[PDB]
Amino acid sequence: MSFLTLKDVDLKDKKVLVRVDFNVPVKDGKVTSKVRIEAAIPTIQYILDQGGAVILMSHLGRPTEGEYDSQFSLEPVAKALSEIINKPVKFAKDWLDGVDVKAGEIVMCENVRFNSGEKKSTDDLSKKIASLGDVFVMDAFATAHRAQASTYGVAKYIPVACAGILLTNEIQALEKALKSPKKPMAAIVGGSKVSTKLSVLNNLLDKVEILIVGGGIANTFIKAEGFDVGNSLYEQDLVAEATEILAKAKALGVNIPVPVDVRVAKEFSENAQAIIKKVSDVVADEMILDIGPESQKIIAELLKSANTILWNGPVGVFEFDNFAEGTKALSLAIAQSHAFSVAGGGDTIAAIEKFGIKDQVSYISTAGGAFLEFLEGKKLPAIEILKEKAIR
């Protein structure tokens, strides 16, 4: 609401520049997944119906700035879009000098990342991009955490800057979980290290009633509670930090359900056999690879009560069937909850696909760092410039 959306701007007979996420996997000049191209169809369709000309801008892969590289050209993506849309898509390689388009037509620019000044958002390149159209639309959330000429700089100099369909929905789903969640609110933070999720843990610790820690993160908390972890993956350096997190959670009346029991193994492979053990019975030679059935029950209880769920990780190495029970019971609890659920991160997405509960999750973010920076409570430069340019 703080920024303008597609419905708040005049798109009739205007050159409309759209920053999309067409960072799709390519193999031998052919797209192996069309998911992200299918996602931006409503945004493209809407502009076309309003009477404007669409100018698509995107990044692909990791090319070196200031150089052209055919293995990262958006040419196969332009052909892929024309197939899905059924509408002709002109591919512009000389788009910076000029772009020629007529209402009802779609034009695909060559990869932005080739241009000098893109990563640093140079005012030189930002003004050149802004001069190509009348309105700027930002539809690529996965890149909203980076200030770049085609995600941030163009919005400074273009006459009109707004947010597209995908970006408006992503910010709305995330803000419905973070800014003012219907209580109770439960967050699940799982991963290999407390260090990589510390900022997520400190930001959520203030906004939730339930904070479930999982995997390597949970193991560090098990060590903080005084229990022996043996050969389990944990960060010794952060034990003092996780000890403080448990103290602040106590003071703020947050339920951090540290596992009461675990599933331990003597080998890290898909052939190892689970041994259900109380947290206090972990031997030196053993490693915690999943939670126990008592810890699953505690989690299922707490998520049944919740009206908002924020899921960022598993509770076990679910890639191993013998250590998948914990993440299965967690996924099934989230599915049964009917709470507004927001999921993000690769393991969470793999857990959702493996346990086939994708429909039963209200929102699934496919963003990486952009999703994590938002969960950390940080300002996303692409979003902030749209807020400024929305003021009248």
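Numbers for residues come from their place in the sequence shown, where the first is 1.
For the pair 196-204 and 242-250, the mean B factor over Cα atoms is greater in 242-250. Stretches compared: 88-96, 303-311. Higher mean C-alpha B-factor in the entry: 88-96. When the C-alpha B-factors of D290, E235, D139, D228 are read from the PDB record, the largest value belongs to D228. Residue-level inspection of the entry shows that, of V317, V213, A284, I129, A284 has the top Cα B-factor.
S341: CA B factor lies in the lowest third for its chain, per the PDB record. The PDB entry assigns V16 a C-alpha temperature factor belonging to the highest third of its chain's modelled residues. In the PDB entry, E118 places in the lowest third of its chain by CA B-factor. Placement of the Cα temperature factor of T151 within the chain: lowest third of the modelled residues, per the deposited record. When the modelled residues of the chain are ordered by C-alpha B-factor, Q45 sits in the highest third.
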